[PDB]
Each structure stands twice: as structure tokens, then as C-alpha cells.
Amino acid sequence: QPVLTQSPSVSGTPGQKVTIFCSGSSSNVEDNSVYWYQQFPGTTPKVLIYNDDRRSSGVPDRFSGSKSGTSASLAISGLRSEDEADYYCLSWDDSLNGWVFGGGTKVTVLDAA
């Protein structure tokens, strides 16, 4: 099982805000950088956030990464249909001696009505 524990699936309509959580431990996210990846079906995952809160080139400011203690989050404000994807957190783990991913959180964007 994944060493990092992510939020269950979340949904929103366009314009809403969602927050995805990534919980780790003292051996991983507490002192090591967290990265966030976005993955569409049948596509390689791409880095959206690195070093806890830095946006990759081209990533909209409505994507915000943060970290506190052994917990990290990715907030997507102003949700757009193209944001529907699986999101994964990643951190180095000093005990396991590996790069560990969360199990993923699917963000679904519902048609408002």
C-alpha cells in the first residue's frame, strides 16, 4: 500500500475550489520536498508543483501547493473542466530509502445544473 495517504475522490462544478490532501510522516514529507503530479487517463503524469509550493512553468496560479508538519495539500481554485484528472503527491522517504507516491485522488468536474 502507498506510504502517503491521499484524500478520497472529490468533485466540483466549474468555478468551485477543491483541496486534495496528502498525509505522510516524519520520515518523508516533514523534512523533504513534496511534489504534485497531474495525470490524465492513458497519459504520463506531469509535475504541477515542486518543492512543496512552486508551480511548474505554465501551471495556473489557481493551483496552490502547501505543506504543514507531515501534511501537504493541493488546492485547485476556479475549477475548469480540463482539471479533471488524477492527482498524486510524491516525497522522498528516508526510512524506506525510496521515492513514495500517494495512491492518487481523482478530481471530477461536474456539469452544473
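Throughout, we count residues from 1 along the sequence that is shown.
Of 31 to 39 and 44 to 52, the stretch whose C-alpha atoms average the higher B-factor in the entry: The stretch with the larger mean CA B-factor is 44 to 52.
57 to 65 set against 81 to 89, stretch whose average Cα temperature factor tops the other in the entry: Taking the mean C-alpha B-factor of 81 to 89 and of 57 to 65, the larger value falls to 57 to 65.
Largest Cα B-factor, entry values, listed residues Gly98, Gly24, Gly103, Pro14: Answer for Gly98, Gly24, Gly103, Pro14: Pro14, with the highest C-alpha B-factor.
Cα B factor band for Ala112 (lowest, middle or highest third within the chain): Highest third of the chain for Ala112's C-alpha B-factor.
Relative C-alpha B-factor of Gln6, binned into the chain's lowest, middle or highest third: Lowest third of the chain for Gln6's C-alpha B-factor.
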